[PDB]
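A.B. asks: The structure is given below, and queries will be raised subsequently.
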Amino acid sequence: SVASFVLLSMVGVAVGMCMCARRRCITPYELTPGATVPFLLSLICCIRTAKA
Amino acid sequence: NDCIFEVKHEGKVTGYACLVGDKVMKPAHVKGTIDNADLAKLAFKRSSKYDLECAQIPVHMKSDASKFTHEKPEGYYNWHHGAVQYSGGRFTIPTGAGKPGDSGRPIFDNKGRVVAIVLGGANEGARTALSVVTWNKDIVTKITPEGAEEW
Amino acid sequence: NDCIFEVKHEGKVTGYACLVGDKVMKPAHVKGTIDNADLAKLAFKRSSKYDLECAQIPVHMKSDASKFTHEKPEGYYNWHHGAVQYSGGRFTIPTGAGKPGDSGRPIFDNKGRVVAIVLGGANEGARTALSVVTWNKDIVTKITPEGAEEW
């Protein structure tokens, strides 16, 4: 039980701080008008475009 | 000059929010819930290292948004409280022209296009250098001269 | 001028087809019959990704096809209904100029050249945003402002 809890907590920390990295890398593009996010970066960070 | 769209956010006014490009933005250092009751329900993306919350304008109001351009020639520009000198890549105004509460006011070029949003100033003699949110090609940025307090 | 062919549905006009370069183009969302029999009969090709509907002009007897240009400099253009303001990556039109069922009318530059084709619009407030189909040097693209409903 302790090992399962530790490993699940590590996985949760990994995904949460991956989300944190996503937010940090994405917010400046969502602040800049025009939002010409390259398609490769949209695929990598799994985002939607604001201009359709 | 020809555009007054800096929407207030509080009965006790401390700064203003603005519509430019396809986005509403406001400095993140000033408290309050944006008025007009249409932008209030909008969800804001916040950046503390940029000190700015921004959101997508609703379509029905985005015709009210001001024009945008990232290109900044050296020389004079206009804003609500007068003229701004862009020298050495830095904006400056006469001392006393800006006070706490005028943060978030867009700076316009000769065509009337937004190039920057004021956040504060630093007092050097008869002049004050502006800590200001501006842009370069596809990326927001901030210029903070030493000793500037937040407006 | 007068390079526009009417697309008539059974009981009314639904759209408009235009001769650009070597090809006749129509909005793929418009249901109806081409006014000219030689074009209504002509085997006709469909692409829903760009909502565009193409065929090759019988250039032996259609030498009046309009000329085109992929350049999109900032400023004013012609829409058979007034002046369109191409600003940023968008086209803006006076709200009362366009009506559903008028899709397919091209946008002209100041030289009489087709720059884009209106596929629809968005009730934008003080204006209307124009959702169009334009082209780069080699490829077509569709510009769809948010909130655009079908025309």
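Residues in the structure tokens are numbered from 1 in each chain, the chains being A, B, ... in the order shown, and ligands are numbered from 1 in the order shown.
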Each residue of chain C with at least one atom at most 12 Å from chain B should appear once, together with its nearest atom pair and the corresponding distance in Å (one decimal); atoms considered: only C-alpha atoms; ordering: chain, then increasing residue number; output as a tab-separated table.
C.D. replies:
residue	atom	partner	partner_atom	distance
C:87	CA	B:67	CA	8.8
C:88	CA	B:67	CA	8.5
C:89	CA	B:21	CA	10.6
C:90	CA	B:22	CA	10.9
C:91	CA	B:63	CA	11.5
C:92	CA	B:63	CA	9.1
C:93	CA	B:63	CA	10.9
C:94	CA	B:63	CA	11.3
C:95	CA	B:63	CA	11.3
C:121	CA	B:59	CA	11.9
C:122	CA	B:59	CA	8.5
C:123	CA	B:60	CA	7.1
C:124	CA	B:60	CA	4.9
C:125	CA	B:60	CA	4.9
C:126	CA	B:63	CA	6.3
C:127	CA	B:63	CA	6.7
C:128	CA	B:63	CA	8.5
C:129	CA	B:63	CA	8.9
C:145	CA	B:59	CA	8.7
C:146	CA	B:59	CA	6.9
C:147	CA	B:59	CA	6.8
C:148	CA	B:59	CA	9.6
A.B. asks: Listing only residues of chain A within 10 Å of chain C, what is the closest atom pair and its distance in Å (to one decimal) for each, using only C-alpha atoms, sorted by chain and residue number ascending, as CSV?
C.D. replies:
residue,atom,partner,partner_atom,distance
A:34,CA,C:89,CA,8.5
A:50,CA,C:146,CA,8.8
A:51,CA,C:145,CA,7.1
A:52,CA,C:144,CA,7.1
A.B. asks: Give the superposed chain C as a compact mmCIF listing (two decimals) with N, CA and C atoms, in the first residue's frame, the fit being least squares on chain B over all ordered C-alpha pairs.
C.D. replies:
# COMPACT_ATOMS: atom_id res chain seq x y z
N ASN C 1 -9.80 56.33 -30.30
CA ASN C 1 -10.20 57.02 -29.08
C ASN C 1 -11.33 56.28 -28.36
N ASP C 2 -11.39 56.47 -27.04
CA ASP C 2 -12.49 55.96 -26.22
C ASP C 2 -12.66 54.45 -26.35
N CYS C 3 -11.54 53.73 -26.36
CA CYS C 3 -11.54 52.28 -26.26
C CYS C 3 -11.10 51.81 -24.87
N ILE C 4 -11.31 52.65 -23.85
CA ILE C 4 -10.82 52.40 -22.50
C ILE C 4 -12.02 52.12 -21.60
N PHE C 5 -11.96 51.00 -20.88
CA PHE C 5 -12.99 50.62 -19.93
C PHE C 5 -12.46 50.73 -18.51
N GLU C 6 -13.25 51.32 -17.63
CA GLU C 6 -12.80 51.62 -16.28
C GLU C 6 -12.85 50.39 -15.38
N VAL C 7 -11.84 50.27 -14.53
CA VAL C 7 -11.82 49.17 -13.57
C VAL C 7 -12.10 49.84 -12.26
N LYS C 8 -13.25 49.54 -11.68
CA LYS C 8 -13.65 50.22 -10.47
C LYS C 8 -13.55 49.31 -9.27
N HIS C 9 -12.90 49.76 -8.21
CA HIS C 9 -12.88 48.98 -6.98
C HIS C 9 -14.17 49.31 -6.28
N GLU C 10 -14.33 48.83 -5.06
CA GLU C 10 -15.59 49.02 -4.38
C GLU C 10 -15.93 50.48 -4.20
N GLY C 11 -14.95 51.31 -3.87
CA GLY C 11 -15.26 52.70 -3.60
C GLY C 11 -14.57 53.73 -4.47
N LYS C 12 -13.85 53.28 -5.49
CA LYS C 12 -13.09 54.20 -6.33
C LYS C 12 -12.63 53.46 -7.58
N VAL C 13 -12.14 54.24 -8.54
CA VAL C 13 -11.52 53.69 -9.74
C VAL C 13 -10.07 53.35 -9.42
N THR C 14 -9.66 52.11 -9.73
CA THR C 14 -8.30 51.67 -9.46
C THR C 14 -7.45 51.48 -10.70
N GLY C 15 -8.06 51.20 -11.85
CA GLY C 15 -7.27 50.93 -13.03
C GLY C 15 -8.10 51.07 -14.28
N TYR C 16 -7.51 50.65 -15.40
CA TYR C 16 -8.10 50.81 -16.71
C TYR C 16 -7.77 49.61 -17.59
N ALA C 17 -8.79 49.09 -18.26
CA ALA C 17 -8.66 47.96 -19.16
C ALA C 17 -8.91 48.41 -20.59
N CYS C 18 -8.19 47.81 -21.53
CA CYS C 18 -8.20 48.26 -22.91
C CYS C 18 -8.40 47.09 -23.86
N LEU C 19 -9.03 47.37 -25.00
CA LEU C 19 -9.26 46.37 -26.03
C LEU C 19 -8.18 46.52 -27.09
N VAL C 20 -7.24 45.57 -27.13
CA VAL C 20 -6.16 45.58 -28.10
C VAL C 20 -6.30 44.33 -28.96
N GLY C 21 -6.38 44.52 -30.27
CA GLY C 21 -6.52 43.38 -31.16
C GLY C 21 -7.77 42.59 -30.84
N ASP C 22 -7.57 41.30 -30.57
CA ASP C 22 -8.67 40.40 -30.24
C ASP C 22 -8.81 40.17 -28.74
N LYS C 23 -8.08 40.90 -27.90
CA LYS C 23 -8.07 40.61 -26.48
C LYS C 23 -8.21 41.88 -25.65
N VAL C 24 -8.91 41.73 -24.53
CA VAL C 24 -9.01 42.77 -23.51
C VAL C 24 -7.89 42.53 -22.50
N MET C 25 -7.12 43.58 -22.23
CA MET C 25 -5.97 43.50 -21.35
C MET C 25 -6.14 44.48 -20.20
N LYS C 26 -5.72 44.06 -19.01
CA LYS C 26 -5.74 44.88 -17.82
C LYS C 26 -4.48 44.61 -17.00
N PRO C 27 -4.04 45.58 -16.20
CA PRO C 27 -2.91 45.33 -15.31
C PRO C 27 -3.33 44.38 -14.19
N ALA C 28 -2.56 43.30 -14.04
CA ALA C 28 -2.92 42.27 -13.07
C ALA C 28 -2.80 42.75 -11.63
N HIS C 29 -2.14 43.88 -11.39
CA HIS C 29 -2.00 44.41 -10.04
C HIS C 29 -3.20 45.24 -9.61
N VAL C 30 -4.09 45.59 -10.53
CA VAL C 30 -5.25 46.43 -10.23
C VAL C 30 -6.37 45.54 -9.72
N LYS C 31 -6.87 45.84 -8.53
CA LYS C 31 -7.96 45.10 -7.91
C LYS C 31 -9.25 45.89 -8.12
N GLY C 32 -10.25 45.26 -8.71
CA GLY C 32 -11.50 45.93 -8.97
C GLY C 32 -12.36 45.12 -9.91
N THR C 33 -13.44 45.75 -10.36
CA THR C 33 -14.40 45.12 -11.26
C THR C 33 -14.45 45.89 -12.57
N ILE C 34 -14.54 45.15 -13.68
CA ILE C 34 -14.68 45.77 -14.99
C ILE C 34 -16.02 46.49 -15.06
N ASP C 35 -16.03 47.65 -15.71
CA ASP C 35 -17.26 48.43 -15.82
C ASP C 35 -18.34 47.66 -16.56
N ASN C 36 -17.97 46.96 -17.63
CA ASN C 36 -18.94 46.25 -18.45
C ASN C 36 -19.19 44.88 -17.83
N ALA C 37 -20.47 44.50 -17.73
CA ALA C 37 -20.81 43.22 -17.11
C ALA C 37 -20.36 42.04 -17.96
N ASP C 38 -20.51 42.13 -19.29
CA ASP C 38 -20.13 41.01 -20.14
C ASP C 38 -18.63 40.75 -20.10
N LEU C 39 -17.83 41.75 -19.77
CA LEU C 39 -16.40 41.55 -19.59
C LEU C 39 -16.01 41.24 -18.15
N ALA C 40 -16.71 41.81 -17.17
CA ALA C 40 -16.44 41.47 -15.78
C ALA C 40 -16.72 40.00 -15.50
N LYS C 41 -17.82 39.48 -16.05
CA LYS C 41 -18.19 38.08 -15.94
C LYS C 41 -17.24 37.16 -16.70
N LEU C 42 -16.75 37.59 -17.86
CA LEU C 42 -16.04 36.72 -18.79
C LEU C 42 -14.81 36.11 -18.11
N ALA C 43 -14.68 34.78 -18.22
CA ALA C 43 -13.61 34.07 -17.53
C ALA C 43 -12.26 34.62 -17.95
N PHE C 44 -11.44 34.95 -16.96
CA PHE C 44 -10.38 35.92 -17.16
C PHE C 44 -9.08 35.32 -16.63
N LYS C 45 -7.97 35.58 -17.32
CA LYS C 45 -6.74 34.82 -17.13
C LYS C 45 -5.61 35.72 -16.64
N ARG C 46 -4.69 35.16 -15.84
CA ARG C 46 -3.75 35.95 -15.06
C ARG C 46 -2.32 35.50 -15.35
N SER C 47 -1.40 36.45 -15.54
CA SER C 47 0.02 36.14 -15.64
C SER C 47 0.80 37.17 -14.84
N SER C 48 1.45 36.72 -13.76
CA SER C 48 2.19 37.62 -12.88
C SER C 48 3.61 37.88 -13.36
N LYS C 49 4.13 37.07 -14.29
CA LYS C 49 5.48 37.31 -14.80
C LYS C 49 5.56 38.65 -15.50
N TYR C 50 4.57 38.97 -16.32
CA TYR C 50 4.49 40.25 -17.01
C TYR C 50 3.49 41.20 -16.36
N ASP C 51 2.94 40.81 -15.21
CA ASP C 51 1.94 41.61 -14.49
C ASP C 51 0.82 42.02 -15.44
N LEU C 52 0.30 41.05 -16.18
CA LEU C 52 -0.69 41.33 -17.20
C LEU C 52 -1.84 40.35 -17.02
N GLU C 53 -3.02 40.77 -17.47
CA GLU C 53 -4.27 40.16 -17.06
C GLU C 53 -5.15 40.16 -18.30
N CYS C 54 -5.33 38.99 -18.94
CA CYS C 54 -5.88 38.93 -20.29
C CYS C 54 -7.24 38.25 -20.32
N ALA C 55 -8.00 38.57 -21.37
CA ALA C 55 -9.15 37.77 -21.76
C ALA C 55 -9.37 37.98 -23.25
N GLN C 56 -10.09 37.05 -23.87
CA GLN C 56 -10.41 37.17 -25.29
C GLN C 56 -11.67 38.01 -25.49
N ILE C 57 -11.57 38.98 -26.38
CA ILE C 57 -12.67 39.92 -26.63
C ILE C 57 -13.84 39.17 -27.25
N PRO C 58 -15.07 39.39 -26.78
CA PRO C 58 -16.24 38.90 -27.51
C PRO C 58 -16.45 39.69 -28.79
N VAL C 59 -15.66 39.37 -29.82
CA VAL C 59 -15.56 40.20 -31.01
C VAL C 59 -16.88 40.35 -31.75
N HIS C 60 -17.87 39.50 -31.45
CA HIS C 60 -19.17 39.64 -32.09
C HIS C 60 -19.85 40.95 -31.74
N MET C 61 -19.60 41.48 -30.53
CA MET C 61 -20.22 42.72 -30.09
C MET C 61 -19.22 43.74 -29.57
N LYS C 62 -17.91 43.49 -29.72
CA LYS C 62 -16.85 44.48 -29.50
C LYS C 62 -16.01 44.55 -30.78
N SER C 63 -16.44 45.38 -31.72
CA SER C 63 -15.72 45.61 -32.96
C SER C 63 -14.93 46.91 -32.94
N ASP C 64 -14.87 47.59 -31.79
CA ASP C 64 -14.18 48.86 -31.65
C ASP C 64 -12.80 48.71 -31.01
N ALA C 65 -12.29 47.49 -30.91
CA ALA C 65 -10.99 47.27 -30.30
C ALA C 65 -9.90 47.99 -31.08
N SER C 66 -8.94 48.54 -30.35
CA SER C 66 -7.87 49.30 -30.97
C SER C 66 -6.89 48.38 -31.69
N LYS C 67 -6.22 48.94 -32.69
CA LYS C 67 -5.22 48.22 -33.45
C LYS C 67 -3.83 48.47 -32.86
N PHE C 68 -2.92 47.53 -33.11
CA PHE C 68 -1.63 47.53 -32.43
C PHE C 68 -0.50 47.47 -33.45
N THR C 69 0.73 47.61 -32.94
CA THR C 69 1.94 47.51 -33.75
C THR C 69 3.13 47.32 -32.83
N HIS C 70 3.98 46.36 -33.17
CA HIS C 70 5.15 46.03 -32.36
C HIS C 70 6.37 46.87 -32.68
N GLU C 71 6.34 47.67 -33.74
CA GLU C 71 7.48 48.51 -34.07
C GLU C 71 7.60 49.66 -33.08
N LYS C 72 8.84 49.96 -32.68
CA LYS C 72 9.12 51.03 -31.72
C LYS C 72 10.22 51.93 -32.26
N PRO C 73 9.91 52.73 -33.28
CA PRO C 73 10.89 53.73 -33.72
C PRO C 73 11.07 54.84 -32.69
N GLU C 74 12.27 55.42 -32.71
CA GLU C 74 12.62 56.49 -31.79
C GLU C 74 11.68 57.68 -31.98
N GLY C 75 11.29 58.33 -30.89
CA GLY C 75 10.59 59.59 -31.04
C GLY C 75 9.37 59.68 -30.15
N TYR C 76 8.42 60.52 -30.58
CA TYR C 76 7.31 60.96 -29.75
C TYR C 76 6.06 60.13 -30.01
N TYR C 77 5.30 59.87 -28.95
CA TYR C 77 4.07 59.10 -29.02
C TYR C 77 3.03 59.75 -28.11
N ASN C 78 1.79 59.25 -28.15
CA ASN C 78 0.69 59.82 -27.34
C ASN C 78 0.22 59.01 -26.12
N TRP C 79 0.04 59.66 -24.97
CA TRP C 79 -0.36 58.96 -23.73
C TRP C 79 -1.66 59.40 -23.04
N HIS C 80 -2.56 60.07 -23.74
CA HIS C 80 -3.77 60.60 -23.09
C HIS C 80 -3.42 61.57 -21.97
N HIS C 81 -2.14 61.89 -21.83
CA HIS C 81 -1.71 62.87 -20.85
C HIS C 81 -0.57 63.74 -21.35
N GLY C 82 -0.31 63.75 -22.64
CA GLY C 82 0.78 64.50 -23.20
C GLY C 82 1.58 63.61 -24.14
N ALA C 83 2.77 64.08 -24.47
CA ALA C 83 3.66 63.35 -25.36
C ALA C 83 4.69 62.57 -24.56
N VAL C 84 4.86 61.30 -24.92
CA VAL C 84 5.88 60.44 -24.34
C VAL C 84 7.05 60.40 -25.31
N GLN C 85 8.26 60.52 -24.79
CA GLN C 85 9.44 60.43 -25.63
C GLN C 85 10.05 59.04 -25.46
N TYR C 86 9.94 58.22 -26.50
CA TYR C 86 10.57 56.91 -26.55
C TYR C 86 12.00 57.10 -27.02
N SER C 87 12.93 56.94 -26.08
CA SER C 87 14.35 57.15 -26.33
C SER C 87 15.10 55.93 -25.82
N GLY C 88 16.05 55.45 -26.61
CA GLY C 88 16.74 54.22 -26.26
C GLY C 88 15.74 53.09 -26.12
N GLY C 89 15.82 52.39 -24.99
CA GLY C 89 14.85 51.35 -24.68
C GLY C 89 13.89 51.77 -23.60
N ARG C 90 13.69 53.08 -23.44
CA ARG C 90 12.89 53.62 -22.35
C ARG C 90 11.87 54.61 -22.88
N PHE C 91 10.82 54.82 -22.08
CA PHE C 91 9.85 55.88 -22.30
C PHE C 91 10.01 56.93 -21.21
N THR C 92 9.99 58.20 -21.61
CA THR C 92 10.14 59.32 -20.69
C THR C 92 8.89 60.19 -20.76
N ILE C 93 8.43 60.65 -19.60
CA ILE C 93 7.18 61.40 -19.50
C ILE C 93 7.43 62.61 -18.60
N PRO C 94 6.76 63.73 -18.87
CA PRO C 94 6.80 64.84 -17.91
C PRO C 94 6.29 64.39 -16.54
N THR C 95 7.02 64.78 -15.49
CA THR C 95 6.80 64.19 -14.18
C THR C 95 5.38 64.39 -13.67
N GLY C 96 4.74 65.49 -14.04
CA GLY C 96 3.40 65.78 -13.57
C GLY C 96 2.26 65.19 -14.38
N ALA C 97 2.55 64.39 -15.40
CA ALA C 97 1.50 63.87 -16.26
C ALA C 97 0.81 62.64 -15.70
N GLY C 98 1.55 61.74 -15.04
CA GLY C 98 0.97 60.51 -14.55
C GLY C 98 0.76 60.50 -13.05
N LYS C 99 -0.23 59.72 -12.62
CA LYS C 99 -0.52 59.54 -11.21
C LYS C 99 -0.87 58.08 -10.93
N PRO C 100 -0.47 57.54 -9.78
CA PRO C 100 -0.95 56.22 -9.37
C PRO C 100 -2.45 56.06 -9.56
N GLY C 101 -2.86 54.84 -9.91
CA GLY C 101 -4.24 54.55 -10.21
C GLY C 101 -4.64 54.80 -11.65
N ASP C 102 -3.75 55.34 -12.46
CA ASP C 102 -4.00 55.57 -13.88
C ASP C 102 -3.41 54.49 -14.77
N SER C 103 -2.94 53.39 -14.19
CA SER C 103 -2.33 52.33 -14.98
C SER C 103 -3.35 51.67 -15.89
N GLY C 104 -2.87 51.14 -17.01
CA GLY C 104 -3.72 50.49 -17.99
C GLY C 104 -4.01 51.32 -19.22
N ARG C 105 -3.64 52.59 -19.23
CA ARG C 105 -3.88 53.42 -20.40
C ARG C 105 -2.81 53.14 -21.45
N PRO C 106 -3.18 52.76 -22.67
CA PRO C 106 -2.17 52.42 -23.67
C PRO C 106 -1.46 53.66 -24.20
N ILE C 107 -0.32 53.41 -24.85
CA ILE C 107 0.44 54.44 -25.54
C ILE C 107 0.13 54.31 -27.02
N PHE C 108 -0.20 55.43 -27.66
CA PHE C 108 -0.56 55.45 -29.07
C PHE C 108 0.62 55.96 -29.89
N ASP C 109 0.78 55.40 -31.08
CA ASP C 109 1.71 55.96 -32.05
C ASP C 109 1.02 57.09 -32.80
N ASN C 110 1.70 57.69 -33.77
CA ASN C 110 1.11 58.77 -34.54
C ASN C 110 0.00 58.29 -35.47
N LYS C 111 -0.14 56.98 -35.66
CA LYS C 111 -1.19 56.42 -36.50
C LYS C 111 -2.40 55.96 -35.70
N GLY C 112 -2.44 56.22 -34.40
CA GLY C 112 -3.53 55.76 -33.57
C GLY C 112 -3.44 54.31 -33.15
N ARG C 113 -2.28 53.68 -33.28
CA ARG C 113 -2.10 52.28 -32.95
C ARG C 113 -1.44 52.15 -31.58
N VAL C 114 -1.88 51.15 -30.82
CA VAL C 114 -1.30 50.90 -29.50
C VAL C 114 0.08 50.28 -29.68
N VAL C 115 1.07 50.85 -28.99
CA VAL C 115 2.43 50.34 -29.01
C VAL C 115 2.81 49.68 -27.69
N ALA C 116 2.40 50.26 -26.57
CA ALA C 116 2.74 49.73 -25.27
C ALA C 116 1.66 50.12 -24.27
N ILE C 117 1.68 49.45 -23.12
CA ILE C 117 0.72 49.67 -22.05
C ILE C 117 1.49 50.06 -20.80
N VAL C 118 1.14 51.19 -20.20
CA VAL C 118 1.84 51.64 -19.01
C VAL C 118 1.39 50.81 -17.81
N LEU C 119 2.33 50.13 -17.18
CA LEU C 119 2.09 49.45 -15.92
C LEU C 119 2.54 50.25 -14.71
N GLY C 120 3.43 51.21 -14.89
CA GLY C 120 3.83 52.06 -13.79
C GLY C 120 4.91 53.03 -14.23
N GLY C 121 5.59 53.60 -13.24
CA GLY C 121 6.60 54.59 -13.53
C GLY C 121 7.62 54.63 -12.42
N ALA C 122 8.62 55.48 -12.63
CA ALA C 122 9.67 55.74 -11.66
C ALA C 122 9.90 57.24 -11.60
N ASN C 123 9.85 57.79 -10.39
CA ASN C 123 10.20 59.18 -10.16
C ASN C 123 11.65 59.34 -10.59
N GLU C 124 11.86 60.04 -11.70
CA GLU C 124 13.12 60.00 -12.41
C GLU C 124 13.89 61.31 -12.24
N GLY C 125 13.25 62.34 -11.69
CA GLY C 125 13.87 63.64 -11.52
C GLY C 125 13.24 64.71 -12.38
N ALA C 126 13.95 65.18 -13.40
CA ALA C 126 13.37 66.14 -14.33
C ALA C 126 12.25 65.52 -15.16
N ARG C 127 12.18 64.19 -15.20
CA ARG C 127 11.13 63.46 -15.90
C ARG C 127 10.64 62.34 -15.00
N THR C 128 9.87 61.44 -15.59
CA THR C 128 9.55 60.16 -14.98
C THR C 128 9.75 59.07 -16.02
N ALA C 129 10.36 57.96 -15.60
CA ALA C 129 10.57 56.83 -16.49
C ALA C 129 9.31 55.97 -16.48
N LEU C 130 8.93 55.45 -17.64
CA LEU C 130 7.66 54.74 -17.76
C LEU C 130 7.91 53.25 -17.91
N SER C 131 7.49 52.48 -16.91
CA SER C 131 7.59 51.03 -16.93
C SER C 131 6.35 50.48 -17.63
N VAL C 132 6.55 49.86 -18.79
CA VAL C 132 5.45 49.52 -19.68
C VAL C 132 5.51 48.04 -20.02
N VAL C 133 4.46 47.57 -20.69
CA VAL C 133 4.44 46.25 -21.31
C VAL C 133 4.29 46.43 -22.81
N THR C 134 5.29 45.99 -23.56
CA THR C 134 5.28 46.08 -25.01
C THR C 134 5.37 44.68 -25.58
N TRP C 135 5.48 44.59 -26.91
CA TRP C 135 5.56 43.28 -27.54
C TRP C 135 6.49 43.35 -28.75
N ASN C 136 7.13 42.23 -29.03
CA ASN C 136 7.84 42.03 -30.28
C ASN C 136 6.86 41.42 -31.29
N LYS C 137 7.40 40.89 -32.39
CA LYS C 137 6.54 40.33 -33.42
C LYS C 137 5.66 39.20 -32.90
N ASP C 138 6.15 38.41 -31.94
CA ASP C 138 5.44 37.22 -31.48
C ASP C 138 5.28 37.13 -29.97
N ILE C 139 6.05 37.90 -29.20
CA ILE C 139 6.08 37.73 -27.75
C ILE C 139 5.92 39.09 -27.08
N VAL C 140 5.46 39.07 -25.83
CA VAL C 140 5.41 40.28 -25.01
C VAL C 140 6.65 40.37 -24.15
N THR C 141 6.98 41.59 -23.74
CA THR C 141 8.06 41.87 -22.82
C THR C 141 7.64 43.03 -21.93
N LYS C 142 8.25 43.13 -20.75
CA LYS C 142 7.97 44.22 -19.83
C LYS C 142 9.25 45.02 -19.61
N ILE C 143 9.15 46.33 -19.77
CA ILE C 143 10.26 47.25 -19.56
C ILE C 143 10.08 47.90 -18.20
N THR C 144 11.02 47.63 -17.29
CA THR C 144 10.98 48.12 -15.92
C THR C 144 12.23 48.94 -15.64
N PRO C 145 12.17 50.26 -15.78
CA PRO C 145 13.30 51.09 -15.34
C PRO C 145 13.52 50.95 -13.84
N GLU C 146 14.78 51.07 -13.43
CA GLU C 146 15.12 50.89 -12.02
C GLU C 146 14.44 51.94 -11.16
N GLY C 147 14.02 51.53 -9.96
CA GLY C 147 13.33 52.42 -9.05
C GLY C 147 11.85 52.57 -9.31
N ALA C 148 11.30 51.85 -10.27
CA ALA C 148 9.88 51.97 -10.58
C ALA C 148 9.03 51.39 -9.47
N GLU C 149 8.14 52.21 -8.92
CA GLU C 149 7.17 51.76 -7.93
C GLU C 149 5.84 51.48 -8.62
N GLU C 150 4.96 50.81 -7.89
CA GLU C 150 3.73 50.30 -8.48
C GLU C 150 2.70 51.41 -8.63
N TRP C 151 1.94 51.36 -9.72
CA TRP C 151 0.90 52.34 -9.99
C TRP C 151 -0.49 51.71 -9.97
A.B. asks: From a DSSP pass on the backbone, collect the residues of stretch 1-150 of chain C flagged as strand (DSSP E or B) and hand them back as a compact mmCIF listing (two decimals) with C-alpha atoms, in the first residue's frame.
C.D. replies:
# COMPACT_ATOMS: atom_id res chain seq x y z
CA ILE C 4 -21.01 37.00 -61.67
CA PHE C 5 -23.33 34.11 -62.54
CA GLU C 6 -26.45 33.50 -60.46
CA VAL C 7 -27.04 30.25 -58.62
CA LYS C 8 -30.75 29.73 -58.55
CA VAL C 13 -31.66 32.76 -55.89
CA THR C 14 -29.47 31.13 -53.25
CA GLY C 15 -25.91 32.05 -54.20
CA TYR C 16 -23.46 33.40 -56.72
CA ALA C 17 -20.69 31.79 -58.77
CA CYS C 18 -17.71 33.67 -60.17
CA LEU C 19 -15.07 33.17 -62.85
CA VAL C 20 -11.62 33.61 -61.29
CA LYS C 23 -11.80 28.27 -62.81
CA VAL C 24 -15.41 28.89 -61.89
CA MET C 25 -15.86 28.93 -58.12
CA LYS C 26 -19.02 28.72 -56.02
CA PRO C 27 -19.73 28.35 -52.29
CA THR C 33 -28.44 25.39 -60.26
CA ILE C 34 -25.98 27.50 -62.24
CA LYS C 45 -15.95 19.25 -57.90
CA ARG C 46 -16.52 19.70 -54.15
CA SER C 47 -14.28 20.47 -51.16
CA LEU C 52 -15.54 25.74 -51.84
CA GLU C 53 -16.95 24.28 -55.01
CA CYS C 54 -14.77 24.36 -58.14
CA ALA C 55 -14.79 23.63 -61.83
CA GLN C 56 -12.47 24.43 -64.72
CA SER C 66 -11.79 38.01 -63.66
CA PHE C 68 -6.85 37.61 -59.23
CA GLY C 75 -6.76 49.10 -46.38
CA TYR C 76 -9.94 49.48 -48.40
CA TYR C 77 -11.35 47.19 -51.10
CA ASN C 78 -14.61 46.81 -53.10
CA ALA C 83 -16.08 49.45 -49.10
CA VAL C 84 -14.58 46.61 -47.08
CA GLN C 85 -11.82 47.48 -44.63
CA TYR C 86 -9.13 44.80 -44.58
CA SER C 87 -7.52 45.27 -41.17
CA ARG C 90 -9.86 40.29 -40.97
CA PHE C 91 -12.32 42.02 -43.27
CA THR C 92 -14.82 44.48 -41.77
CA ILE C 93 -18.04 45.58 -43.46
CA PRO C 106 -15.83 38.32 -54.77
CA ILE C 107 -13.92 41.18 -53.16
CA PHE C 108 -12.12 43.47 -55.60
CA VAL C 114 -10.30 39.47 -57.06
CA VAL C 115 -8.60 39.11 -53.68
CA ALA C 116 -11.07 37.02 -51.67
CA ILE C 117 -14.52 35.44 -51.86
CA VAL C 118 -17.10 36.05 -49.15
CA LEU C 119 -18.45 32.80 -47.72
CA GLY C 120 -20.29 34.44 -44.83
CA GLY C 121 -20.14 36.88 -41.98
CA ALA C 122 -20.51 37.43 -38.26
CA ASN C 123 -22.81 39.97 -36.61
CA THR C 128 -19.83 42.80 -39.39
CA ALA C 129 -16.81 40.52 -39.69
CA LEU C 130 -16.42 38.89 -43.10
CA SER C 131 -15.59 35.18 -43.26
CA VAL C 132 -13.92 34.76 -46.64
CA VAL C 133 -11.85 32.39 -48.75
CA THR C 134 -8.52 33.86 -49.84
CA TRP C 135 -5.30 32.42 -51.21
CA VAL C 140 -6.10 28.63 -50.52
CA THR C 141 -7.11 29.40 -46.94
CA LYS C 142 -10.40 30.27 -45.25
CA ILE C 143 -10.71 33.12 -42.74
CA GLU C 149 -23.00 32.04 -39.13
CA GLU C 150 -23.69 30.63 -42.57
A.B. asks: Near residue A:47, within 12 Å and counting only C-alpha atoms, which residues show up once chain neighbours fewer than 6 positions away are dropped, as a PyMOL selection string?
C.D. replies: chain A and resi 19+22-23+25-27+29-30+35+37-41
A.B. asks: Would you mind exporting C-alpha atoms of the selected residues as a tab-separated table (two decimals), in the first residue's frame?
C.D. replies:
chain	number	residue	atom	x	y	z
A	19	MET	CA	0.29	20.98	-16.54
A	22	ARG	CA	2.09	23.77	-20.11
A	23	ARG	CA	0.52	26.84	-18.49
A	25	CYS	CA	4.78	27.90	-21.83
A	26	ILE	CA	1.31	28.75	-23.16
A	27	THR	CA	0.18	31.87	-21.27
A	29	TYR	CA	0.99	33.15	-26.45
A	30	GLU	CA	-2.52	33.62	-25.06
A	35	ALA	CA	-1.99	34.22	-31.25
A	37	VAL	CA	0.75	29.52	-32.34
A	38	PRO	CA	2.75	27.17	-34.59
A	39	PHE	CA	0.94	23.94	-35.40
A	40	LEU	CA	3.77	21.78	-34.03
A	41	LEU	CA	3.67	23.59	-30.68
